[PDB]
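**Student:** I'd like to ask some things about the structure below.
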Amino acid sequence: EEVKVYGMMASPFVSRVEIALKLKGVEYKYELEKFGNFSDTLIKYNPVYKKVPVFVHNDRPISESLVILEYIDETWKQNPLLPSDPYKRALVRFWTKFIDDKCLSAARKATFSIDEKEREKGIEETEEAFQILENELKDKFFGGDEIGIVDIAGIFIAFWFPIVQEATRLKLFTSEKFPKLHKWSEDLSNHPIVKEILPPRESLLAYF
Amino acid sequence: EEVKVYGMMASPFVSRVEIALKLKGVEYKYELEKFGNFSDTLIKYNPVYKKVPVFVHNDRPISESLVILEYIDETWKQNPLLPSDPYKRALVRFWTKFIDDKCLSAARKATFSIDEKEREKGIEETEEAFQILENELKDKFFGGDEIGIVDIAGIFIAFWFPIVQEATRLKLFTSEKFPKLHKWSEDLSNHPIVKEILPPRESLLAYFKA
């Protein structure tokens, strides 16, 4: 009967839950939370981290985002996210690990300045440590022809990353340096439902 | 026929695979690795992370350690390691995730010095944020009646951490502070399996004091 999400206006983690949940064809109340100090009924549901996205249904919570994704894929078996073969499903998880390791690309092209920035290099390796292994324009994108988990796990690349370099004024991400997955970023655009769960394009530019 | 693990002589992660791999009643050839710079036929199997344990069988590698445990459960299903219900299957993975999310806590107050030591205090919260929520002297240890996945993910507590403090001369870990899980630490001693892939304790004690 009941299915309840806890999250903010623009967390890429709260996004990765909603998309997965929305492809499933599942309804969901959405209750917002404060950027700073949160509510109590959520901190009761994640007293450990006190972090969104927290996902509950019939009052039973599931904290942390990458574990939520793997819950919903084997509860509603409409539009599978994860591969069906135990080995390629094992490979697929190895990449969501890597996408989570890669996220440290955001923590260096966003929240730094001056010299403490260019004590960096990793992002350029990851994008190559990407493309050159995954293949998302020789055939479709990641997990089969439609949206897989690795796609959703990397939406802070497909959408949020293009919109952040306008805090470093950087042009790392372009069809001259990383062509194979710049056209993959199109993941942002398509899907007449994913097509919102993502906020407006120009509004976010203001925030950075 | 063939099944291969690649790793070092006493990595807590390489232990974490082998026990899991052992419970199922599965053989495994074992190839050792260089403390410093590694071989090529391993980095051909793990060009991305370049850290053991790398696990292969029928030439098909699986790098990264917590995913290997979940691989062995799904083709070799005798005494299942993961829960059957999608919720507790989510929690048990939610718990491996926390144990591994914390892990820089164990490596904080152990192999560091001066200020960066007592700049930790997370260990004492997590160790309480362990037993104050686990409550597994109520029944067995973690996941069900036999060894469950959450246990193996936290073997760097059950074995290494007890050893590892007598380099900073710390006494954080005692049965007086964490009784539900100090008595759990005897997961190592009990159980005819965790026993043997775990090296000697007194040999290991020598390594850290150096």
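Every chain in the structure tokens takes a letter, A first, then B, and so on in the order presented; its residues are numbered from 1, and the ligands are numbered from 1 following the presented order.
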Excluding residue 143 in chain B and any residue of its chain fewer than 6 positions from it, enumerate the residues within 8 Å of it, using only C-alpha atoms, and give them as an mmCIF file with N, CA, C and O atoms, in the first residue's frame.

**Tutor:**
data_model
loop_
_atom_site.group_PDB
_atom_site.id
_atom_site.type_symbol
_atom_site.label_atom_id
_atom_site.label_comp_id
_atom_site.auth_asym_id
_atom_site.auth_seq_id
_atom_site.Cartn_x
_atom_site.Cartn_y
_atom_site.Cartn_z
ATOM 1 N N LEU B 81 24.510 -17.876 1.894
ATOM 2 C CA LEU B 81 25.185 -16.821 2.630
ATOM 3 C C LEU B 81 24.301 -15.568 2.739
ATOM 4 O O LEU B 81 24.124 -15.032 3.835
ATOM 5 N N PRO B 83 20.667 -13.661 2.850
ATOM 6 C CA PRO B 83 19.245 -13.870 3.054
ATOM 7 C C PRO B 83 18.444 -14.108 1.767
ATOM 8 O O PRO B 83 18.910 -13.807 0.668
ATOM 9 N N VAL B 92 21.678 -6.861 5.136
ATOM 10 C CA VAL B 92 22.960 -7.589 5.281
ATOM 11 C C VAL B 92 24.027 -6.946 4.400
ATOM 12 O O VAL B 92 25.182 -6.834 4.796
ATOM 13 N N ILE B 149 27.204 -13.240 5.863
ATOM 14 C CA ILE B 149 28.098 -12.325 5.159
ATOM 15 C C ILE B 149 28.667 -11.170 6.018
ATOM 16 O O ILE B 149 29.835 -10.829 5.911
ATOM 17 N N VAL B 150 27.851 -10.619 6.899
ATOM 18 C CA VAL B 150 28.247 -9.458 7.682
ATOM 19 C C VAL B 150 29.455 -9.793 8.574
ATOM 20 O O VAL B 150 30.367 -8.950 8.755
ATOM 21 N N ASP B 151 29.450 -11.016 9.107
ATOM 22 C CA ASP B 151 30.576 -11.510 9.895
ATOM 23 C C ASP B 151 31.903 -11.363 9.149
ATOM 24 O O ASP B 151 32.819 -10.677 9.612
#

**Student:** Which residues are close to range 143-145 of chain A, i.e. within 10 Å by only C-alpha atoms, leaving aside same-chain residues fewer than 3 positions away? Reply as an MDAnalysis selection string.

**Tutor:** chainID A and resid 80:83 88:89 92 134 136 139:140 148:151

**Student:** Export N, CA, C and O atoms of the chosen residues as a PDB file, in the first residue's frame?

**Tutor:**
ATOM      1  N   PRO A  80      13.962  -4.743 -15.333  1.00  0.00           N
ATOM      2  CA  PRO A  80      15.118  -5.040 -14.500  1.00  0.00           C
ATOM      3  C   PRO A  80      16.237  -4.019 -14.702  1.00  0.00           C
ATOM      4  O   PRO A  80      16.498  -3.610 -15.847  1.00  0.00           O
ATOM      5  N   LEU A  81      16.870  -3.592 -13.610  1.00  0.00           N
ATOM      6  CA  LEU A  81      18.055  -2.725 -13.692  1.00  0.00           C
ATOM      7  C   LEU A  81      19.335  -3.574 -13.809  1.00  0.00           C
ATOM      8  O   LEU A  81      20.146  -3.382 -14.742  1.00  0.00           O
ATOM      9  N   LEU A  82      19.514  -4.513 -12.873  1.00  0.00           N
ATOM     10  CA  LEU A  82      20.719  -5.352 -12.842  1.00  0.00           C
ATOM     11  C   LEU A  82      20.622  -6.459 -13.876  1.00  0.00           C
ATOM     12  O   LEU A  82      19.526  -6.990 -14.099  1.00  0.00           O
ATOM     13  N   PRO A  83      21.759  -6.814 -14.516  1.00  0.00           N
ATOM     14  CA  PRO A  83      21.845  -8.044 -15.285  1.00  0.00           C
ATOM     15  C   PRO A  83      21.255  -9.265 -14.585  1.00  0.00           C
ATOM     16  O   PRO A  83      21.120  -9.288 -13.356  1.00  0.00           O
ATOM     17  N   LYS A  88      27.889 -11.383 -14.850  1.00  0.00           N
ATOM     18  CA  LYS A  88      27.799 -10.005 -15.350  1.00  0.00           C
ATOM     19  C   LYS A  88      27.083  -9.095 -14.359  1.00  0.00           C
ATOM     20  O   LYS A  88      27.362  -7.918 -14.313  1.00  0.00           O
ATOM     21  N   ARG A  89      26.170  -9.654 -13.564  1.00  0.00           N
ATOM     22  CA  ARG A  89      25.634  -8.950 -12.391  1.00  0.00           C
ATOM     23  C   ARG A  89      26.718  -8.708 -11.339  1.00  0.00           C
ATOM     24  O   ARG A  89      26.652  -7.732 -10.585  1.00  0.00           O
ATOM     25  N   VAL A  92      28.783  -5.886 -12.914  1.00  0.00           N
ATOM     26  CA  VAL A  92      28.030  -4.651 -12.881  1.00  0.00           C
ATOM     27  C   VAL A  92      28.189  -3.928 -11.553  1.00  0.00           C
ATOM     28  O   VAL A  92      28.259  -2.706 -11.542  1.00  0.00           O
ATOM     29  N   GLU A 134      33.955   0.561 -20.844  1.00  0.00           N
ATOM     30  CA  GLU A 134      32.513   0.285 -20.735  1.00  0.00           C
ATOM     31  C   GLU A 134      31.769   0.186 -22.040  1.00  0.00           C
ATOM     32  O   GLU A 134      30.866  -0.648 -22.138  1.00  0.00           O
ATOM     33  N   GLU A 136      29.688   2.628 -24.396  1.00  0.00           N
ATOM     34  CA  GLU A 136      28.316   3.141 -24.456  1.00  0.00           C
ATOM     35  C   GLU A 136      27.973   3.948 -25.715  1.00  0.00           C
ATOM     36  O   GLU A 136      27.020   4.737 -25.691  1.00  0.00           O
ATOM     37  N   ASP A 139      27.488   0.067 -28.843  1.00  0.00           N
ATOM     38  CA  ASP A 139      26.098  -0.397 -28.741  1.00  0.00           C
ATOM     39  C   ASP A 139      25.438   0.155 -27.473  1.00  0.00           C
ATOM     40  O   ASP A 139      25.954   0.009 -26.354  1.00  0.00           O
ATOM     41  N   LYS A 140      24.311   0.843 -27.720  1.00  0.00           N
ATOM     42  CA  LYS A 140      23.437   1.472 -26.726  1.00  0.00           C
ATOM     43  C   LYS A 140      24.191   2.187 -25.619  1.00  0.00           C
ATOM     44  O   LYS A 140      25.179   2.884 -25.924  1.00  0.00           O
ATOM     45  N   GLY A 148      20.324   0.665 -17.210  1.00  0.00           N
ATOM     46  CA  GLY A 148      20.835  -0.252 -16.183  1.00  0.00           C
ATOM     47  C   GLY A 148      21.218   0.480 -14.919  1.00  0.00           C
ATOM     48  O   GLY A 148      21.229   1.710 -14.873  1.00  0.00           O
ATOM     49  N   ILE A 149      21.584  -0.284 -13.907  1.00  0.00           N
ATOM     50  CA  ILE A 149      22.004   0.280 -12.622  1.00  0.00           C
ATOM     51  C   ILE A 149      23.264   1.167 -12.729  1.00  0.00           C
ATOM     52  O   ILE A 149      23.360   2.220 -12.094  1.00  0.00           O
ATOM     53  N   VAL A 150      24.230   0.759 -13.545  1.00  0.00           N
ATOM     54  CA  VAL A 150      25.497   1.490 -13.628  1.00  0.00           C
ATOM     55  C   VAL A 150      25.237   2.889 -14.179  1.00  0.00           C
ATOM     56  O   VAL A 150      25.851   3.867 -13.764  1.00  0.00           O
ATOM     57  N   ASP A 151      24.305   2.980 -15.113  1.00  0.00           N
ATOM     58  CA  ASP A 151      23.854   4.293 -15.618  1.00  0.00           C
ATOM     59  C   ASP A 151      23.354   5.166 -14.464  1.00  0.00           C
ATOM     60  O   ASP A 151      23.906   6.221 -14.168  1.00  0.00           O
TER      61      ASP A 151
END

**Student:** Check every residue of chain B for an atom within 8 Å of chain A, counting only C-alpha atoms, and provide those that qualify as a list in words.

**Tutor:** residues 48, 62, 63, 64, 67, 68, 70, 71, 74, 75, 86, 87, 89, 90, 91, 93, 94 and 129 of chain B

**Student:** Taking only range 160-204 of chain A into account, list the residues labelled helix (DSSP H, G or I) by DSSP (computed from the backbone), as a list in words.

**Tutor:**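 Assigned to helix (DSSP H, G or I), within range 160-204 of chain A: residues 165, 166, 167, 168, 179, 180, 181, 182, 184, 185, 186, 187, 188, 194, 195, 196, 197, 201, 202, 203 and 204 of chain A.
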
**Student:** Counting only C-alpha atoms, what are the residues of range 143-194 of chain A within 7 Å of range 8-28 of chain A, and for each of them which pair of atoms is the nearest and at what distance in Å, to one decimal? Sort the table by chain and rising number, as a Markdown table.

**Tutor:**
| residue | atom | partner | partner_atom | distance |
| --- | --- | --- | --- | --- |
| A:152 | CA | A:16 | CA | 5.5 |
| A:153 | CA | A:16 | CA | 6.4 |
| A:155 | CA | A:12 | CA | 6.7 |
| A:156 | CA | A:12 | CA | 5.7 |
| A:194 | CA | A:19 | CA | 6.0 |

**Student:** Got time to write the residues from that selection, N, CA, C and O atoms, as a PDB file, in the first residue's frame?

**Tutor:**
ATOM      1  N   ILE A 152      22.358   4.658 -13.767  1.00  0.00           N
ATOM      2  CA  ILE A 152      21.712   5.376 -12.676  1.00  0.00           C
ATOM      3  C   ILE A 152      22.722   5.717 -11.569  1.00  0.00           C
ATOM      4  O   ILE A 152      22.696   6.833 -11.001  1.00  0.00           O
ATOM      5  N   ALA A 153      23.633   4.767 -11.299  1.00  0.00           N
ATOM      6  CA  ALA A 153      24.646   4.953 -10.286  1.00  0.00           C
ATOM      7  C   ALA A 153      25.552   6.122 -10.642  1.00  0.00           C
ATOM      8  O   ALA A 153      26.093   6.774  -9.751  1.00  0.00           O
ATOM      9  N   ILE A 155      24.656   9.051 -12.380  1.00  0.00           N
ATOM     10  CA  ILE A 155      23.914  10.206 -12.874  1.00  0.00           C
ATOM     11  C   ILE A 155      24.541  11.519 -12.428  1.00  0.00           C
ATOM     12  O   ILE A 155      24.265  12.565 -13.024  1.00  0.00           O
ATOM     13  N   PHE A 156      25.392  11.475 -11.388  1.00  0.00           N
ATOM     14  CA  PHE A 156      26.163  12.667 -11.047  1.00  0.00           C
ATOM     15  C   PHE A 156      27.256  12.975 -12.056  1.00  0.00           C
ATOM     16  O   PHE A 156      28.000  13.920 -11.886  1.00  0.00           O
ATOM     17  N   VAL A 194      12.309  10.195 -16.542  1.00  0.00           N
ATOM     18  CA  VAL A 194      13.602  10.623 -16.081  1.00  0.00           C
ATOM     19  C   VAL A 194      13.718  12.118 -16.392  1.00  0.00           C
ATOM     20  O   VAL A 194      14.407  12.856 -15.675  1.00  0.00           O
TER      21      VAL A 194
END

**Student:** Kindly indicate which residue among A:52, A:35, A:176, A:168 lies nearest to residue 114 in chain A, using only C-alpha atoms for the distances.

**Tutor:**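 Closest residue, counting only C-alpha atoms: A:168.
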
**Student:** Identify all residues of range 1-208 of chain B in strand (DSSP E) (DSSP on the backbone) and supply them as a list in words.

**Tutor:**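 Here are the strand (DSSP E) residues of range 1-208 of chain B: residues 4, 5, 6, 29, 30, 31, 54, 55, 56, 57, 60, 61, 62 and 63 of chain B.
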
**Student:** Rank nothing, just name the residue among B:155, B:28, B:52, B:60 nearest to residue 198 in chain B, using only C-alpha atoms.

**Tutor:**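 Of B:155, B:28, B:52, B:60, the one nearest residue 198 in chain B, counting only C-alpha atoms, is B:155.
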
**Student:** When you look at residue 154 in chain B with a cut-off of 10 Å (counting only C-alpha atoms), what residues show up, excluding the ones that are within fewer than 4 positions of it in the same chain? I need them as number ranges by chain.

**Tutor:** B: 12-13, 16, 95-96, 98-100, 103, 149-150, 158-160, 185

**Student:** Pick from A:171, A:58, A:105, A:160: nearest to residue 199 in chain A, with only C-alpha atoms counted?

**Tutor:**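 Of the candidates, the smallest distance to residue 199 in chain A is held by A:160.
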
**Student:** Quick one: everything within 12 Å of range 113-118 of chain B, counting only C-alpha atoms, minus sequence neighbours fewer than 2 positions away in the same chain. Send it as an mmCIF file with N, CA, C and O atoms, in the first residue's frame.

**Tutor:**
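For reference, result_34.cif as written:
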data_model
loop_
_atom_site.group_PDB
_atom_site.id
_atom_site.type_symbol
_atom_site.label_atom_id
_atom_site.label_comp_id
_atom_site.auth_asym_id
_atom_site.auth_seq_id
_atom_site.Cartn_x
_atom_site.Cartn_y
_atom_site.Cartn_z
ATOM 1 N N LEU B 104 38.394 2.849 7.607
ATOM 2 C CA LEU B 104 39.362 3.890 7.970
ATOM 3 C C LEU B 104 39.373 4.275 9.452
ATOM 4 O O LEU B 104 40.264 4.981 9.874
ATOM 5 N N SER B 105 38.385 3.846 10.217
ATOM 6 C CA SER B 105 38.430 3.938 11.661
ATOM 7 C C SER B 105 39.454 2.998 12.300
ATOM 8 O O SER B 105 40.203 3.413 13.203
ATOM 9 N N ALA B 106 39.492 1.746 11.846
ATOM 10 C CA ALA B 106 40.465 0.792 12.389
ATOM 11 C C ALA B 106 41.885 1.227 12.010
ATOM 12 O O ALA B 106 42.796 1.196 12.857
ATOM 13 N N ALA B 107 42.065 1.672 10.765
ATOM 14 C CA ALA B 107 43.359 2.114 10.278
ATOM 15 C C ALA B 107 43.734 3.527 10.777
ATOM 16 O O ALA B 107 44.798 4.020 10.435
ATOM 17 N N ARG B 108 42.902 4.141 11.629
ATOM 18 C CA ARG B 108 43.173 5.457 12.170
ATOM 19 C C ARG B 108 43.946 5.346 13.483
ATOM 20 O O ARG B 108 45.112 5.773 13.588
ATOM 21 N N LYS B 109 43.319 4.695 14.460
ATOM 22 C CA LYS B 109 43.898 4.498 15.779
ATOM 23 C C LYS B 109 44.627 3.157 15.842
ATOM 24 O O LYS B 109 44.196 2.219 16.535
ATOM 25 N N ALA B 110 45.729 3.081 15.092
ATOM 26 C CA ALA B 110 46.518 1.846 14.989
ATOM 27 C C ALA B 110 47.869 2.105 14.346
ATOM 28 O O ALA B 110 48.911 1.926 14.970
ATOM 29 N N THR B 111 47.828 2.573 13.108
ATOM 30 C CA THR B 111 49.031 2.749 12.291
ATOM 31 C C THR B 111 49.359 4.220 12.059
ATOM 32 O O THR B 111 50.128 4.550 11.163
ATOM 33 N N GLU B 120 40.762 10.433 16.169
ATOM 34 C CA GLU B 120 39.660 9.501 16.072
ATOM 35 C C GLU B 120 38.936 9.411 17.416
ATOM 36 O O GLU B 120 39.485 9.719 18.457
ATOM 37 N N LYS B 121 37.669 9.053 17.350
ATOM 38 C CA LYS B 121 36.880 8.523 18.478
ATOM 39 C C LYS B 121 35.668 7.780 17.912
ATOM 40 O O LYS B 121 34.871 7.170 18.639
ATOM 41 N N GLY B 122 35.590 7.763 16.572
ATOM 42 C CA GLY B 122 34.597 7.011 15.806
ATOM 43 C C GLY B 122 34.521 5.538 16.118
ATOM 44 O O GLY B 122 33.435 4.982 16.149
ATOM 45 N N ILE B 123 35.661 4.917 16.406
ATOM 46 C CA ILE B 123 35.696 3.491 16.720
ATOM 47 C C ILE B 123 34.750 3.149 17.881
ATOM 48 O O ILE B 123 33.939 2.209 17.796
ATOM 49 N N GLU B 124 34.840 3.941 18.948
ATOM 50 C CA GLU B 124 34.029 3.677 20.132
ATOM 51 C C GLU B 124 32.540 3.861 19.834
ATOM 52 O O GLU B 124 31.711 3.105 20.399
ATOM 53 N N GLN B 165 46.467 -3.308 18.085
ATOM 54 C CA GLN B 165 46.525 -2.082 18.933
ATOM 55 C C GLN B 165 47.824 -1.916 19.729
ATOM 56 O O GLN B 165 48.228 -0.815 20.064
ATOM 57 N N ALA B 167 50.602 -1.743 18.904
ATOM 58 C CA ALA B 167 51.609 -0.904 18.267
ATOM 59 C C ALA B 167 51.472 0.565 18.690
ATOM 60 O O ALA B 167 52.451 1.306 18.697
ATOM 61 N N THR B 168 50.246 0.960 19.017
ATOM 62 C CA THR B 168 49.961 2.236 19.683
ATOM 63 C C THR B 168 49.784 2.059 21.199
ATOM 64 O O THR B 168 49.575 3.060 21.914
ATOM 65 N N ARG B 169 49.917 0.830 21.711
ATOM 66 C CA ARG B 169 49.702 0.528 23.146
ATOM 67 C C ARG B 169 48.313 0.963 23.628
ATOM 68 O O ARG B 169 48.139 1.424 24.764
ATOM 69 N N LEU B 170 47.326 0.746 22.751
ATOM 70 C CA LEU B 170 45.928 1.044 23.013
ATOM 71 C C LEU B 170 45.200 -0.146 23.644
ATOM 72 O O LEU B 170 45.633 -1.291 23.515
ATOM 73 N N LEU B 172 41.527 -0.160 23.535
ATOM 74 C CA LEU B 172 40.160 0.245 23.200
ATOM 75 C C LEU B 172 39.235 -0.974 23.250
ATOM 76 O O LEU B 172 38.071 -0.854 23.642
#

**Student:** Can you work out the spacing between CA of residue 7 in chain B and CA of residue 208 in chain B in Å, to one decimal?

**Tutor:** 19.4 Å

**Student:** Distance CA of residue 122 in chain A-CA of residue 178 in chain A, one decimal place?

**Tutor:** 14.3 Å
